[PDB]
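Here the structure comes first, spelled out in C-alpha cells, and everything after it is commentary.
Values quoted throughout were computed directly from the atomic coordinates according to the rules given, and no laboratory measurement underlies them. Note that each Cβ is placed from the backbone with ideal geometry, even for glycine, and that neighbours are counted across all protein chains shown.
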C-alpha cells in the first residue's frame, strides 16, 4: 500500500500543480486583462471626451469600431476575470488577486440571492416553479438533441468547412441539474426519464 500512497502523491501533486499552472496563467491574466479593461476604458473616456468626430479613430486605440463592440469584449474580459522594491509591485499583484476575489464573492452572493428567490418560488409557486423546470429541460433536451444532431451534421464531409468558407471569401450539467431537482421535488418525475437512464 506504500506504493499506493506514493502513487497518490504523484496523482495529488501532479493534479495540484496543473491546477496551479492554470491558476498561475489565469492570475497572470488577472493583471493583464484588468489592465486591458482599464486601457479600454481610458480609450472610451478619452474618446467620449474628445469631439464627436473622433469616436471610431479614438476607439481604434482599442482596435474596435464602437463602444458596443468594446463593451462586448469588456464584458468577456469582465466575465473572464470574474470567471477567474517589489513591495510596490507585490501590493499591485496582491490587489489584482483581491479584485477577482470580490468579483467571485459577489457572484456567489448573486447566485445565493437567485437561490433565495427560487427557494420561495419553489415553496409557494411550486407547480409553476416545477413547470418552469420541465419546460427548461425540454428546451435543454431540444438544444442538446439539436447539438448532438449537429455533431452528426458536422463532419459529414470534410470540405463542408472549405465550401462554407467560400461564402465569406467569395448543456449537460444544466440538464442534469434540472433532472436532479425534479427527482428531488417533482414526485411525478422519475429516474427513467433522465438522459442517464436513457443511456
Using helices alone, I'd like the mean residue ellipticity at 222 nm for the chain: each DSSP H run of four-plus residues gives -39500 (n - 2.57), total over residue count, nearest 500.
-28500 deg cm²/dmol
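Based on alpha-carbon atoms only, what is the radius of gyration of the chain relative to the globular estimate 2.2 N^0.38 Å?
Working: Rg = 24.3 Å, N = 199, 2.2 N^0.38 = 16.4 Å.
Cα Rg divided by the expected 2.2 N^0.38 Å: 1.48.
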Calculated FRET efficiency for the pair residue 35/residue 90, C-beta based, R₀ 25 Å, to 0.05:
0.95
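Roughly how large, in nm² to one decimal, is the mean projection of the convex hull of the alpha-carbon atoms in segment 1-114? Don't skip to the answer; put the middle values down first.
Details: hull surface 47.8 nm².
For segment 1-114, averaging the hull's shadow over all directions gives 12.0 nm².
Express the Stokes-Einstein translational diffusion coefficient of segment 1-65 in µm² s⁻¹, to the nearest whole number, given a Kirkwood radius over alpha-carbon pairs, 25 °C and a viscosity of 0.890 mPa s. Intermediate results must be reported in sequence, preceding the final value.
Working: Rh = 15.1 Å.
It diffuses with D of about 162 µm²/s by this estimate.
What shape does segment 142-199 have by the C-alpha gyration tensor, where a ≥ b ≥ c are the square roots of the eigenvalues, rounded means a/c under 1.5, and otherwise prolate means a/b greater than b/c and oblate the rest?
Working: a/c = 5.79, a/b = 3.35, b/c = 1.73.
Verdict is prolate for segment 142-199.
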Long-range tail of P(r) for segment 101-199 (Cα pairs > 21 Å, %):
55 percent
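Take peptides 131-143, 26-38 and line them up by average Cβ neighbours within 10 Å, highest first, as a rough protection proxy.
Details: 131-143: 15.0, 26-38: 16.5.
Ranked from most to least packed, the peptides come out as 26-38, 131-143.
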Just the Cα atoms of segment 79-118, one point each, no solvent: what log10 I(q)/I(0) does Debye give at q = 0.20, 0.24, 0.33, 0.36 Å⁻¹?
-0.64, -0.76, -0.97, -1.04
Sorting check: for 113-126, 179-192, 1-14, which peptide has the highest mean count of neighbouring beta carbons within 10 Å, and how do the rest follow?
179-192, 113-126, 1-14
